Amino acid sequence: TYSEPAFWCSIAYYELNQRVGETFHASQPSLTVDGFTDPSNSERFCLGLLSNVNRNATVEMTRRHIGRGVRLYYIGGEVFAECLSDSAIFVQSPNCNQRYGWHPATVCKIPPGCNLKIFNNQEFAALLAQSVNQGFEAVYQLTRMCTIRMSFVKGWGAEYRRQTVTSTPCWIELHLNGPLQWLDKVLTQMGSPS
């Protein structure tokens, strides 16, 4: 039995290697993740109110520059990220990377005022159907397509001194619930380890 996800995504915020704050769940098509402080807007994930007694000076400076942050929106089977901050954001989306023929770990800069299509549901569904013919492991690995990680201000990977997302001072992890439920409908039918 299945029911349509009430929330199209969940978002967790981290500073370096530490989770900070509660998970945010989005139920309207557009949301903003910003650096401000309203605790009670279901369409704003306000990171500026979140505490971390262990945070260092680099994180404090980065948090000052989040500002208007990122708008994330889900329209017509596609997910978009728009950089509203006056500092860039950096996105690692394997679905986006595959579409452009980039390495799966690619981290793409989105400068202020720019946007990027970070997910396309039809491309995922086509990959899921192809993966069924390739076996359990191929389908199981698609869980990674349903997670997108994004850092504010600071890049990571390739040329950067920071090589992992957990080295960035402020980052978020988005789970796309519709793709996860689609994946469940297939994975549960692929057959048991014996």
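Residue indices: 1-based, along the sequence shown. The term rigid core refers to the maximal set of C-alpha atoms that superpose within 1.5 Å between the two forms.
Next item on the list: Would you say which of 65 to 73 and 32 to 40 moves more relative to the shown form in 6 other deposited structures of this protein, going by RMS C-alpha distance with the core superposed?
Entry: Result of the core-fitted comparison in 6 other deposited structures of this protein: 32 to 40 deviates more.
Margin query: Using the rigid core for superposition, please say which stretch has the greater CA deviation in 6 other deposited structures of this protein, 160 to 168 or 130 to 138.
Written below: With the rigid core superposed, the C-alphas that lie farther in 6 other deposited structures of this protein are those of 130 to 138.
Next item on the list: Quick one: say whether 88 to 96 or 73 to 81 has the higher mean Cα B-factor in the deposited entry.
Entry: According to the PDB entry, the answer is 73 to 81.
Checklist line | Lowest, middle or highest third - CA B-factor, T32 | finding: For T32, the deposited C-alpha B-factor lands in the middle third.
Check: Taking the C-alpha B-factors as the PDB entry records them, is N115 in the lowest, middle or highest third of its chain?
Finding: Tercile = highest for this residue's CA B-factor.
Next item on the list: Consider only the C-alpha atoms of the modelled residues in this chain, order them by B-factor as the entry records it, and name the third containing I66: lowest, middle or highest.
Entry: Middle third by C-alpha B-factor.
Check: Looking at the C-alpha B-factor of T106, is it in the lowest, middle or highest third of its chain?
Finding: It falls in the bottom third of the chain.
Next item on the list: Relative to the other modelled residues of the same chain, rank the CA B-factor of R149 and answer lowest, middle or highest third.
Entry: Lowest third.
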